[PDB]
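Scroll down for the structure; my scribbles are underneath it.
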Amino acid sequence: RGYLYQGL
Amino acid sequence: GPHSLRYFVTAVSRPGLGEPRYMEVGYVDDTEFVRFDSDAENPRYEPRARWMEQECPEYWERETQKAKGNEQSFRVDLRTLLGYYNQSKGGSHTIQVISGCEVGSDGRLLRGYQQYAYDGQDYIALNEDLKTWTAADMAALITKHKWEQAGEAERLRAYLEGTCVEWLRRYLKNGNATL
Amino acid sequence: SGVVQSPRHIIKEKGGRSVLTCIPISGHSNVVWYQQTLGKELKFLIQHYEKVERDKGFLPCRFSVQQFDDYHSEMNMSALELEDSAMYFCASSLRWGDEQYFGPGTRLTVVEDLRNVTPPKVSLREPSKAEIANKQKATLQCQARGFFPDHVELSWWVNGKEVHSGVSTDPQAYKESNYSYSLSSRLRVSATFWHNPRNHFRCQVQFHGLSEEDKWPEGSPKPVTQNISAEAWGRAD
């Protein structure tokens, strides 16, 4: 599906 | 590890020429099946293999909404890295992420990984235990502290163990059944 | 401040239903549920940002959570299985990626039979004279046993004041039988202290049993939540 990145 | 599902995320920055080119590509096993591109006229999560074309039409809206969501966050990360490292407020830069879960014949997870890279130099990565991070420079310690406080490790390892393997089962069934 | 989780202890018959509520910090928009099973690592269940689901992880189709318009969220548990008995934590970061604040956690135990719930029996054992004489440091034995499920917090009470120094409470309850657990704790006390007959040592075991709402058939007293304690006075010679 793919990851939902949250900011770094 | 016969079967592996990876995603390549790229956020090339070019200033003065507009906004960053952001794109995600996924390769079931070692063959690309989906791709997203910011520099398309009406950007959309598109299939790149025939069996993927036979997927749900709401699946594409779910993933497109998420893709545009990551484009926004990675736009801020490109700005944040310039603050972390004191780099030029103008100049091209590239953030890339390689997310994947390689599983064995038994369907159990063999290795799960996620690796951040800045201008080709490694920045941060999730350890083999899926609980800790290894920062590469002073600024990645700042990012490591943020994800430790926010609990990003618990979320990422849950995606790598559960979400990524479960959807690899679904993708593998689609591909082999018709190819 | 502080986040609020309720109820903190519930016992549910297998195949039942229950809800877990969580009140995030005032103003916090991001809420997330974590499940921790007994000993294994923290499992990510699901997170909600601004009343909408953001990322889903290990939340089964049976559990269903949703954030309300006052930003609090409830977890609806349906068709409970025995594998579901675990600890469910609620963390609430202000925004996504911001530092999160965890909760007290809800103790859910799914039982195979509600009749098998039974309160403990606490017994307090004075130290051996050979130990106080040869060692000049006495130990009081407190044995809570015969209870089910493992929903106990053992605390010591010298002179009516709770202490945490000298206590050696067991880490986990040792299950003797299929439907009977046991716990033990020893309290180091100086031999002069134990020899003062004016000192009161009481070991207290708190049991989180059946909720009032849960019906109970007669023939036996309902194993409602309760703390029972065996006390012993100091003695000299």
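Every chain in the structure tokens takes a letter, A first, then B, and so on in the order presented; its residues are numbered from 1, and the ligands are numbered from 1 following the presented order.
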Determine, using only C-alpha atoms, which residues of chain B have any atom at most 12 Å from an atom of chain C, and tabulate each with its shortest atom pair and distance in Å to one decimal place, rows ordered by chain and then rising number, as JSON lines.
{"residue": "B:62", "atom": "CA", "partner": "C:54", "partner_atom": "CA", "distance": 11.3}
{"residue": "B:65", "atom": "CA", "partner": "C:54", "partner_atom": "CA", "distance": 11.0}
{"residue": "B:66", "atom": "CA", "partner": "C:54", "partner_atom": "CA", "distance": 9.4}
{"residue": "B:69", "atom": "CA", "partner": "C:54", "partner_atom": "CA", "distance": 10.6}
{"residue": "B:73", "atom": "CA", "partner": "C:97", "partner_atom": "CA", "distance": 10.5}
{"residue": "B:129", "atom": "CA", "partner": "C:41", "partner_atom": "CA", "distance": 10.8}
{"residue": "B:130", "atom": "CA", "partner": "C:41", "partner_atom": "CA", "distance": 10.3}
{"residue": "B:131", "atom": "CA", "partner": "C:41", "partner_atom": "CA", "distance": 9.0}
{"residue": "B:143", "atom": "CA", "partner": "C:97", "partner_atom": "CA", "distance": 10.6}
{"residue": "B:144", "atom": "CA", "partner": "C:97", "partner_atom": "CA", "distance": 11.7}
{"residue": "B:145", "atom": "CA", "partner": "C:99", "partner_atom": "CA", "distance": 9.7}
{"residue": "B:146", "atom": "CA", "partner": "C:99", "partner_atom": "CA", "distance": 7.2}
{"residue": "B:147", "atom": "CA", "partner": "C:97", "partner_atom": "CA", "distance": 7.2}
{"residue": "B:148", "atom": "CA", "partner": "C:99", "partner_atom": "CA", "distance": 8.4}
{"residue": "B:149", "atom": "CA", "partner": "C:99", "partner_atom": "CA", "distance": 4.8}
{"residue": "B:150", "atom": "CA", "partner": "C:99", "partner_atom": "CA", "distance": 4.5}
{"residue": "B:151", "atom": "CA", "partner": "C:100", "partner_atom": "CA", "distance": 7.3}
{"residue": "B:152", "atom": "CA", "partner": "C:97", "partner_atom": "CA", "distance": 7.8}
{"residue": "B:153", "atom": "CA", "partner": "C:44", "partner_atom": "CA", "distance": 9.4}
{"residue": "B:154", "atom": "CA", "partner": "C:44", "partner_atom": "CA", "distance": 5.7}
{"residue": "B:155", "atom": "CA", "partner": "C:44", "partner_atom": "CA", "distance": 5.7}
{"residue": "B:156", "atom": "CA", "partner": "C:44", "partner_atom": "CA", "distance": 8.8}
{"residue": "B:157", "atom": "CA", "partner": "C:44", "partner_atom": "CA", "distance": 8.3}
{"residue": "B:158", "atom": "CA", "partner": "C:57", "partner_atom": "CA", "distance": 5.6}
{"residue": "B:159", "atom": "CA", "partner": "C:57", "partner_atom": "CA", "distance": 6.1}
{"residue": "B:160", "atom": "CA", "partner": "C:57", "partner_atom": "CA", "distance": 9.5}
{"residue": "B:161", "atom": "CA", "partner": "C:57", "partner_atom": "CA", "distance": 9.2}
{"residue": "B:162", "atom": "CA", "partner": "C:58", "partner_atom": "CA", "distance": 6.7}
{"residue": "B:163", "atom": "CA", "partner": "C:57", "partner_atom": "CA", "distance": 6.4}
{"residue": "B:164", "atom": "CA", "partner": "C:57", "partner_atom": "CA", "distance": 9.9}
{"residue": "B:165", "atom": "CA", "partner": "C:57", "partner_atom": "CA", "distance": 11.7}
{"residue": "B:166", "atom": "CA", "partner": "C:57", "partner_atom": "CA", "distance": 10.8}
Could the residues in this selection be written to a file with C-alpha atoms, as an mmCIF file, in the first residue's frame?
data_model
loop_
_atom_site.group_PDB
_atom_site.id
_atom_site.type_symbol
_atom_site.label_atom_id
_atom_site.label_comp_id
_atom_site.auth_asym_id
_atom_site.auth_seq_id
_atom_site.Cartn_x
_atom_site.Cartn_y
_atom_site.Cartn_z
ATOM 1 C CA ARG B 62 -7.014 6.362 -1.121
ATOM 2 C CA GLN B 65 -4.857 11.377 -1.153
ATOM 3 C CA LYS B 66 -1.958 9.905 0.826
ATOM 4 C CA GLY B 69 -0.221 14.304 1.805
ATOM 5 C CA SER B 73 5.201 16.948 4.574
ATOM 6 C CA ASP B 129 14.726 -4.612 16.024
ATOM 7 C CA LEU B 130 12.095 -2.178 14.638
ATOM 8 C CA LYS B 131 12.208 -0.174 17.891
ATOM 9 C CA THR B 143 15.015 14.068 14.064
ATOM 10 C CA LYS B 144 15.536 10.883 16.090
ATOM 11 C CA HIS B 145 14.486 12.726 19.254
ATOM 12 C CA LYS B 146 11.337 13.961 17.503
ATOM 13 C CA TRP B 147 10.272 10.494 16.345
ATOM 14 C CA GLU B 148 11.098 9.039 19.767
ATOM 15 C CA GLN B 149 8.872 11.630 21.447
ATOM 16 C CA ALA B 150 6.133 11.247 18.828
ATOM 17 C CA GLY B 151 6.274 7.445 18.924
ATOM 18 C CA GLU B 152 6.945 7.059 15.198
ATOM 19 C CA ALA B 153 8.782 3.772 15.804
ATOM 20 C CA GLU B 154 5.645 1.971 17.005
ATOM 21 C CA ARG B 155 3.780 3.220 13.930
ATOM 22 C CA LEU B 156 6.447 2.332 11.361
ATOM 23 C CA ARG B 157 7.075 -1.166 12.729
ATOM 24 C CA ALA B 158 3.320 -1.775 12.718
ATOM 25 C CA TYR B 159 3.262 -0.826 9.037
ATOM 26 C CA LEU B 160 6.262 -3.026 8.228
ATOM 27 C CA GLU B 161 5.012 -6.116 10.077
ATOM 28 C CA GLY B 162 1.260 -5.938 9.518
ATOM 29 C CA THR B 163 0.326 -3.519 6.751
ATOM 30 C CA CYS B 164 3.207 -4.138 4.345
ATOM 31 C CA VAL B 165 3.159 -7.948 4.535
ATOM 32 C CA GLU B 166 -0.642 -8.116 4.328
#
Show me a table, sorted first by chain and then by increasing residue number, of the residues of chain A having an atom at most 9 Å from chain C, each with its shortest atom pair and the distance in Å to one decimal, counting only C-alpha atoms and written as a tab-separated table.
residue	atom	partner	partner_atom	distance
A:3	CA	C:55	CA	8.8
A:4	CA	C:55	CA	7.2
A:6	CA	C:97	CA	6.2
A:7	CA	C:97	CA	6.5
A:8	CA	C:97	CA	7.8
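Comparing B:36, B:116, B:84, B:74 by their smallest distance to chain A, the closest is B:74 (using only C-alpha atoms).
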Which is closer to residue 2 (chain A) than all the others in B:167, B:139, B:94, B:48, using only C-alpha atoms? B:167
Give me the residues near residue 74 (chain C) as a PyMOL selection string, where near means some atom within 7 Å (using only C-alpha atoms) and where sequence neighbours in that chain fewer than 5 positions away do not count. chain C and resi 19-22+65-67
Restricting the output to N, CA, C and O atoms, write the selected residues as a PDB file, in the first residue's frame.
ATOM      1  N   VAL C  19     -16.614  -1.008  25.796  1.00  0.00           N
ATOM      2  CA  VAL C  19     -16.079   0.214  25.213  1.00  0.00           C
ATOM      3  C   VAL C  19     -14.992   0.766  26.126  1.00  0.00           C
ATOM      4  O   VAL C  19     -15.090   0.687  27.355  1.00  0.00           O
ATOM      5  N   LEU C  20     -13.939   1.298  25.511  1.00  0.00           N
ATOM      6  CA  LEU C  20     -12.849   1.973  26.205  1.00  0.00           C
ATOM      7  C   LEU C  20     -12.846   3.432  25.775  1.00  0.00           C
ATOM      8  O   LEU C  20     -12.746   3.729  24.580  1.00  0.00           O
ATOM      9  N   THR C  21     -12.960   4.334  26.741  1.00  0.00           N
ATOM     10  CA  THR C  21     -12.996   5.760  26.467  1.00  0.00           C
ATOM     11  C   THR C  21     -11.669   6.404  26.849  1.00  0.00           C
ATOM     12  O   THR C  21     -10.921   5.895  27.689  1.00  0.00           O
ATOM     13  N   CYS C  22     -11.389   7.538  26.212  1.00  0.00           N
ATOM     14  CA  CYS C  22     -10.146   8.264  26.430  1.00  0.00           C
ATOM     15  C   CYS C  22     -10.403   9.747  26.226  1.00  0.00           C
ATOM     16  O   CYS C  22     -11.009  10.142  25.226  1.00  0.00           O
ATOM     17  N   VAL C  65     -13.018   2.361  16.511  1.00  0.00           N
ATOM     18  CA  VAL C  65     -12.834   3.580  17.283  1.00  0.00           C
ATOM     19  C   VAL C  65     -13.210   4.770  16.411  1.00  0.00           C
ATOM     20  O   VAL C  65     -13.238   4.690  15.180  1.00  0.00           O
ATOM     21  N   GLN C  66     -13.504   5.887  17.073  1.00  0.00           N
ATOM     22  CA  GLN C  66     -13.849   7.117  16.376  1.00  0.00           C
ATOM     23  C   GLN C  66     -13.669   8.288  17.330  1.00  0.00           C
ATOM     24  O   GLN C  66     -13.998   8.185  18.515  1.00  0.00           O
ATOM     25  N   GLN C  67     -13.140   9.391  16.808  1.00  0.00           N
ATOM     26  CA  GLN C  67     -12.995  10.614  17.582  1.00  0.00           C
ATOM     27  C   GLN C  67     -14.276  11.432  17.500  1.00  0.00           C
ATOM     28  O   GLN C  67     -14.907  11.518  16.442  1.00  0.00           O
TER      29      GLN C  67
END
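CA of residue 186 (chain C) is positioned 5.1 Å from CA of residue 168 (chain C).
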My list of candidates is B:102, B:63, B:137, B:55. Which is closest to residue 125 (chain B) when distances are computed with only C-alpha atoms?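 When distances to residue 125 (chain B) are compared using only C-alpha atoms, the smallest one comes from B:137.
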For a test of reading the model, state the distance in Å between CA of residue 8 (chain C) and CA of residue 154 (chain C), rounded to one decimal.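 These atoms are spaced 16.5 Å apart.
Among C:108, C:122, C:228, C:210, the residue with the shortest atom-to-atom distance to residue 184 (chain C), counting only C-alpha atoms, is C:122.
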Those of region 24-178 of chain B in DSSP strand (DSSP E), formatted as a ChimeraX atom specification: /B:24-28,31-37,46-47,93-103,109-118,121-125
Go ahead and write the selection's residues with C-alpha atoms as a PDB file, in the first residue's frame.
ATOM      1  CA  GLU B  24       6.829   7.526  -5.288  1.00  0.00           C
ATOM      2  CA  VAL B  25       7.569   4.253  -7.079  1.00  0.00           C
ATOM      3  CA  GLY B  26       6.806   0.787  -5.732  1.00  0.00           C
ATOM      4  CA  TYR B  27       8.302  -2.511  -6.919  1.00  0.00           C
ATOM      5  CA  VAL B  28       6.549  -5.741  -6.002  1.00  0.00           C
ATOM      6  CA  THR B  31       9.227  -5.138 -10.839  1.00  0.00           C
ATOM      7  CA  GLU B  32       7.566  -1.723 -10.675  1.00  0.00           C
ATOM      8  CA  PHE B  33       3.774  -1.855 -10.410  1.00  0.00           C
ATOM      9  CA  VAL B  34       2.648   1.602  -9.224  1.00  0.00           C
ATOM     10  CA  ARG B  35       4.075   5.090  -9.669  1.00  0.00           C
ATOM     11  CA  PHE B  36       3.216   8.658  -8.659  1.00  0.00           C
ATOM     12  CA  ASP B  37       4.714  11.800 -10.195  1.00  0.00           C
ATOM     13  CA  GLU B  46      -1.209   5.013 -11.619  1.00  0.00           C
ATOM     14  CA  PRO B  47      -0.640   1.291 -12.205  1.00  0.00           C
ATOM     15  CA  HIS B  93      18.521  19.254  -2.680  1.00  0.00           C
ATOM     16  CA  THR B  94      17.174  15.703  -2.649  1.00  0.00           C
ATOM     17  CA  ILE B  95      15.484  13.662   0.085  1.00  0.00           C
ATOM     18  CA  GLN B  96      14.932   9.988  -0.695  1.00  0.00           C
ATOM     19  CA  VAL B  97      13.332   7.173   1.306  1.00  0.00           C
ATOM     20  CA  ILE B  98      13.428   3.430   0.619  1.00  0.00           C
ATOM     21  CA  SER B  99      10.612   1.677   2.499  1.00  0.00           C
ATOM     22  CA  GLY B 100      10.036  -2.043   2.145  1.00  0.00           C
ATOM     23  CA  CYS B 101       9.305  -5.379   3.772  1.00  0.00           C
ATOM     24  CA  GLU B 102      11.067  -8.493   2.473  1.00  0.00           C
ATOM     25  CA  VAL B 103       9.312 -11.708   3.506  1.00  0.00           C
ATOM     26  CA  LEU B 109       8.709 -11.123   7.962  1.00  0.00           C
ATOM     27  CA  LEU B 110      12.414 -11.682   7.314  1.00  0.00           C
ATOM     28  CA  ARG B 111      13.582  -8.056   7.364  1.00  0.00           C
ATOM     29  CA  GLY B 112      11.784  -4.722   7.533  1.00  0.00           C
ATOM     30  CA  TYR B 113      13.545  -1.480   6.735  1.00  0.00           C
ATOM     31  CA  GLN B 114      13.205   2.250   6.056  1.00  0.00           C
ATOM     32  CA  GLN B 115      16.192   4.442   5.169  1.00  0.00           C
ATOM     33  CA  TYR B 116      16.335   8.229   4.776  1.00  0.00           C
ATOM     34  CA  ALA B 117      19.008   9.785   2.566  1.00  0.00           C
ATOM     35  CA  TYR B 118      19.930  13.427   1.939  1.00  0.00           C
ATOM     36  CA  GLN B 121      24.339  10.555   2.140  1.00  0.00           C
ATOM     37  CA  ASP B 122      22.482   8.413   4.673  1.00  0.00           C
ATOM     38  CA  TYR B 123      20.530  10.418   7.251  1.00  0.00           C
ATOM     39  CA  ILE B 124      18.518   8.064   9.498  1.00  0.00           C
ATOM     40  CA  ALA B 125      17.280   4.478   9.481  1.00  0.00           C
TER      41      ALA B 125
END
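CA of residue 59 (chain C) lies 26.0 Å from CA of residue 214 (chain C).
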Quick one: everything within 12 Å of residue 179 (chain C), counting only C-alpha atoms, minus sequence neighbours fewer than 4 positions away in the same chain. Send it as a ChimeraX atom specification. /C:111-120,145-150,174-175
Produce a file of the selected residues containing C-alpha atoms, as a PDB file, in the first residue's frame.
ATOM      1  CA  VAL C 111     -12.256 -14.728  30.686  1.00  0.00           C
ATOM      2  CA  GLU C 112     -13.416 -18.142  29.525  1.00  0.00           C
ATOM      3  CA  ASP C 113     -16.087 -18.231  32.252  1.00  0.00           C
ATOM      4  CA  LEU C 114     -17.336 -15.474  34.550  1.00  0.00           C
ATOM      5  CA  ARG C 115     -18.012 -18.035  37.296  1.00  0.00           C
ATOM      6  CA  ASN C 116     -14.253 -18.645  37.534  1.00  0.00           C
ATOM      7  CA  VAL C 117     -13.666 -15.115  38.866  1.00  0.00           C
ATOM      8  CA  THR C 118     -12.740 -15.405  42.535  1.00  0.00           C
ATOM      9  CA  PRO C 119     -11.125 -12.928  44.961  1.00  0.00           C
ATOM     10  CA  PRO C 120      -7.740 -13.763  46.518  1.00  0.00           C
ATOM     11  CA  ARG C 145      -3.340 -16.729  46.254  1.00  0.00           C
ATOM     12  CA  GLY C 146      -6.392 -18.388  44.768  1.00  0.00           C
ATOM     13  CA  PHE C 147      -7.567 -15.438  42.666  1.00  0.00           C
ATOM     14  CA  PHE C 148      -8.614 -15.048  39.033  1.00  0.00           C
ATOM     15  CA  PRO C 149      -7.951 -13.169  36.880  1.00  0.00           C
ATOM     16  CA  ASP C 150      -4.554 -11.499  37.421  1.00  0.00           C
ATOM     17  CA  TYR C 174       2.385 -17.109  39.123  1.00  0.00           C
ATOM     18  CA  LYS C 175      -0.613 -19.054  37.810  1.00  0.00           C
TER      19      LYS C 175
END
Skipping near chain neighbours, those fewer than 6 positions away, what residues fall within 12 Å of residue 125 (chain C) using only C-alpha atoms, listed as a PyMOL selection string? chain C and resi 138-144+184-187+201-203+230-234
